[PDB]
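Okay, so here's the structure we're looking at.
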Amino acid sequence: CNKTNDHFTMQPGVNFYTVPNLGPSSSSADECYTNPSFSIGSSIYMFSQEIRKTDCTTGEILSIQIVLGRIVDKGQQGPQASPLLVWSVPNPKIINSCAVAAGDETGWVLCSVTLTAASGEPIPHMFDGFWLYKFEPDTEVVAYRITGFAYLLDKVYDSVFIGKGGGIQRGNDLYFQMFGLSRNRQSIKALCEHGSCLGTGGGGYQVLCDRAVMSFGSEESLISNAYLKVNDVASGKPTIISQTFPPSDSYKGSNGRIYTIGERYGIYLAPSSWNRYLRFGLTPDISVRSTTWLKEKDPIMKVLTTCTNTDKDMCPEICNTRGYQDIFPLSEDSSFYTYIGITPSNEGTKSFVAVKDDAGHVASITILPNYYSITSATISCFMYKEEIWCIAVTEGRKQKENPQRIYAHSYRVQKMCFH
Amino acid sequence: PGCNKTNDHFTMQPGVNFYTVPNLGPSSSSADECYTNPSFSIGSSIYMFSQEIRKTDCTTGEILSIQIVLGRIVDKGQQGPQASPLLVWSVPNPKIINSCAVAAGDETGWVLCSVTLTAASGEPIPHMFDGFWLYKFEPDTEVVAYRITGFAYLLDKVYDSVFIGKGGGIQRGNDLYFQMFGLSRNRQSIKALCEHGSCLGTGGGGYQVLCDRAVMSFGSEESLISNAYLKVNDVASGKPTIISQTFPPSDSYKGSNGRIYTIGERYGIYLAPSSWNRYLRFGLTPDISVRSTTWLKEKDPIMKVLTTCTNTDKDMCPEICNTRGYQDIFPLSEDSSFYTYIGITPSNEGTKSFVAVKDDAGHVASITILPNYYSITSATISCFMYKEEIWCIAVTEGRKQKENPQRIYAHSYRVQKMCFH
């Protein structure tokens, strides 16, 4: 189909098939499965999950399970998951966060660690560098510790977390996103994009904007986002450099994702503050200056938020948002993308899946109607049986009584040529 | 339908014509005289034009004459806007002038020059500082001269040379603002701006050492080629004073000619590539302050001309090199999200150039200009409202014919509003 003259429609199919056994999962009520990462490669997929005790946010990290596997036909209607290796991150109590990336037959887990006490116990919310784990079918896991000998951040970070969305490989480099506390001696003017907001008073919402990026109310400590580059992975001596987004080009730092989009890249930034619209940029090279942000507002995070602002004007305020609902671009310009929306109910949440075009037409389909709640979504698509398919990995509870768990469902995107 | 609609984008473009603005400034045919370092400023009803006439060389030549023109932009009945000079005047003692630039206001004009130390022989000690001369120009009135030396100025570093940026400055009330670069005195550890693209070994401080050096002047921590805002205070006093506010090496590259702008009720600064960063250094400021200056993200124009830099336009990896152009911009929106400029690209013969408008979405709309000219090596552009349409004049150094000495050429064009998408 001549991409020049012919026109095209993209739509979510009718079915939302289970992809069981993408990762293992236990039945224990005492445990919560949280902060997944999912990256599909040319032939492999990588998946990470954190198993925490009691609390899904501050609960002790009992374990971080990594899965290397393959997406395959098992005869079933949709694509299925064949796990190749199941592995635990060692010394999980010292981990801040970990994310994954898939290449050809090679996966990566990048983990940011915190300072350990003399006692050996964690010094919470700090930064002792990184662990990079290299995963290859039927080969042993390889471990590269990245301390200050082999990493150079562009600010002084007291905490470093890896964006749960995961990363991408490009030649000999990997690309991930990070967030944490940087140290600032610069005056700030934070990004303050809202709609019709009629509250003047002192600097007003720009003062509120400036304050919502600070940690603990001091411009000396910002919660910041950064591109994280891993160089020279073929050497066995990888290094790590960072490019931090300044407050004028970002909201409060958050979990994010890096995307290969054609020969360029993209970046998702889950809301963490007052501005709960889609924060997705494109960049021909992974750099803060060449990053352009999409004018798309949907998905709008309307869940896991202490925010009280309207989705229509999103007026700034000091509030805390905790979700994750990325997109997967379906065209070179992200002109079409797919996403899951999640809306609060009087009891739980209700979700839809959607493909959206440049023009604001949305083809949505309600999903998981017999689930009690779904609270996150990371989606990765691929070619399978010569059709566009996606897997959406989603936290939630099939039953309210149940502990939080992570599920994978599959769906097709129909590409309709109109010749 | 007019643009009050949906999924539609307002944009701007240069027009099809590039009209000559003849006689904006005087010129001679002398084969051994170069016309260089022009300063152009357009006010409400007046225009200021400064130009250096040098002996043989355009860079290191003597200064046989610095001419000033006070004129008005008028409609003389031709297709585009025209220049009527009101006064042509020569800056006294050009030998000792480090550098001048102009500022236009409303029915009042300003020339600010920095002078160097005058030797006993007479010949100026080069690259030295001996104060400022501010000349006031006013229609149907004579030039008033104001010396600003000694305690009448207070620079915020110890500058061993001061140069007024040739871009020009503005008038805000009873005060005047200019850009200034020169060698200042530093004895402090510096981590200078090192923003580039993909470069091998970025982690490892190499490029940071090259960045740190590319601004060092005494070879190390004694002199830094720095930028500054220069404020002239109380021009109605008759005893105007000059204060400076210097950029730290963490907020600027090597110092260079720049320009101060009025942009609405806010302001702007252009800074020309002098070292390895050959992109756009344009900053926006609500007041004229280093702490309130935000640098645009957009990279065009990109000085590919008059440089010894062999780095790539795409990655701009820090190296030690020299760039000596001036291709500034004129903002066409409050946020400089829109703006017009000129781009110049080298050719094994000379240079090829184009006029362009950048939009709020990255798009560049360009028409090639001066095709029968051999070369065009600089560009300063000032716009204004003429016949209820946005018009700009561009003042460009070059050689229409190769064997001819450099002259200063001026042309007019229009910026049109359009909707697409």
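Each chain in the structure tokens gets a letter, A, B and so on, in the order shown; residues start at 1 in every chain, and ligands are counted from 1 in the order they appear.
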Within 9 Å of chain A, which residues of chain B show up when using only C-alpha atoms, listed as a PyMOL selection string?
chain B and resi 7+195-198+201-204+291-292+297-299+361
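On the backbone of this structure, DSSP gives alpha helix (DSSP H) within range 175-268 of chain B to residues 206, 207, 208, 209, 210, 211, 212 and 213 of chain B.
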May I have the residues within 9 Å of residue 83 in chain A as a list in words, using only C-alpha atoms and disregarding those fewer than 5 positions away in the same chain?
residues 21, 22, 23, 45, 67, 68, 69, 70 and 71 of chain A
Let me see the file: selected residues, C-alpha atoms, as a compact mmCIF listing (two decimals), in the first residue's frame.
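Ended up saving to part-v3.txt:
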```txt
# COMPACT_ATOMS: atom_id res chain seq x y z
CA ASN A 21 3.09 -17.32 32.27
CA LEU A 22 4.86 -14.27 30.92
CA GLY A 23 6.38 -14.35 34.38
CA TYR A 45 11.45 -10.54 25.60
CA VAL A 67 12.49 -13.48 33.03
CA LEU A 68 14.18 -13.98 29.69
CA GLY A 69 11.81 -15.65 27.29
CA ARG A 70 10.37 -15.85 23.79
CA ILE A 71 7.02 -14.83 22.32
```
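Separating CA of residue 128 in chain B from CA of residue 116 in chain B is a distance of 4.7 Å.
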Just want the 8 Å neighbourhood of residue 183 in chain B, counted on only C-alpha atoms, with same-chain residues fewer than 2 positions away dropped. Output as a ChimeraX atom specification.
/B:159-162,181,185,217,223-226
Keeping N, CA and C atoms for every residue in the selection just given, could you write it to a file as an mmCIF file, in the first residue's frame?
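Result saved to selection-v6.cif:
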```cif
data_model
loop_
_atom_site.group_PDB
_atom_site.id
_atom_site.type_symbol
_atom_site.label_atom_id
_atom_site.label_comp_id
_atom_site.auth_asym_id
_atom_site.auth_seq_id
_atom_site.Cartn_x
_atom_site.Cartn_y
_atom_site.Cartn_z
ATOM 1 N N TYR B 159 38.260 43.434 33.289
ATOM 2 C CA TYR B 159 38.433 43.168 31.869
ATOM 3 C C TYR B 159 39.712 43.834 31.383
ATOM 4 N N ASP B 160 40.570 43.060 30.737
ATOM 5 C CA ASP B 160 41.739 43.646 30.103
ATOM 6 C C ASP B 160 41.489 44.016 28.663
ATOM 7 N N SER B 161 40.329 43.649 28.120
ATOM 8 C CA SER B 161 39.860 44.185 26.855
ATOM 9 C C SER B 161 38.338 44.139 26.856
ATOM 10 N N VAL B 162 37.721 45.193 26.333
ATOM 11 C CA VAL B 162 36.274 45.285 26.224
ATOM 12 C C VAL B 162 35.929 45.521 24.758
ATOM 13 N N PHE B 181 31.799 41.618 24.974
ATOM 14 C CA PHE B 181 32.709 40.527 25.267
ATOM 15 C C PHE B 181 34.128 41.063 25.421
ATOM 16 N N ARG B 185 39.326 38.666 34.081
ATOM 17 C CA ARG B 185 40.303 38.077 34.988
ATOM 18 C C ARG B 185 39.613 37.090 35.923
ATOM 19 N N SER B 217 41.787 32.311 28.596
ATOM 20 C CA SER B 217 42.492 33.298 27.752
ATOM 21 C C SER B 217 43.962 33.388 28.132
ATOM 22 N N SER B 223 42.830 34.538 32.698
ATOM 23 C CA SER B 223 41.935 35.317 31.803
ATOM 24 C C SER B 223 40.865 34.436 31.140
ATOM 25 N N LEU B 224 39.627 34.929 31.060
ATOM 26 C CA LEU B 224 38.542 34.207 30.408
ATOM 27 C C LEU B 224 37.877 35.111 29.389
ATOM 28 N N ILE B 225 37.663 34.608 28.172
ATOM 29 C CA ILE B 225 36.929 35.369 27.159
ATOM 30 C C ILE B 225 35.442 35.306 27.468
ATOM 31 N N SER B 226 34.937 36.314 28.161
ATOM 32 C CA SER B 226 33.599 36.220 28.703
ATOM 33 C C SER B 226 32.672 37.238 28.060
#
```
Selected residue, from B:2, B:343, B:77, B:150, that lies nearest to residue 365 in chain B when counting only C-alpha atoms:
B:343
Can you tell me which residues surround residue 262 in chain A at a distance of at most 12 Å, considering only C-alpha atoms, apart from same-chain residues fewer than 4 positions away, and format the answer as a list in words?
residues 170, 266, 282, 283, 284, 285, 329, 330, 331, 332, 333 and 334 of chain A
What's the 8 Å shell around residue 355 in chain B, counting only C-alpha atoms, without same-chain residues fewer than 3 positions away, as number ranges by chain?
B: 14, 340-343, 366-369
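Note that CA of residue 227 in chain A and CA of residue 175 in chain A are 7.1 Å apart.
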Who sits within 12 Å of residue 73 in chain A, only C-alpha atoms, same chain under 3 positions skipped, as a count of residues only
11
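Picture a line from CA of residue 22 in chain B to CA of residue 169 in chain B; it runs 23.8 Å.
If you measure from each of B:227, B:404, B:416, B:17 to residue 32 in chain B using only C-alpha atoms, the closest one turns out to be B:404.
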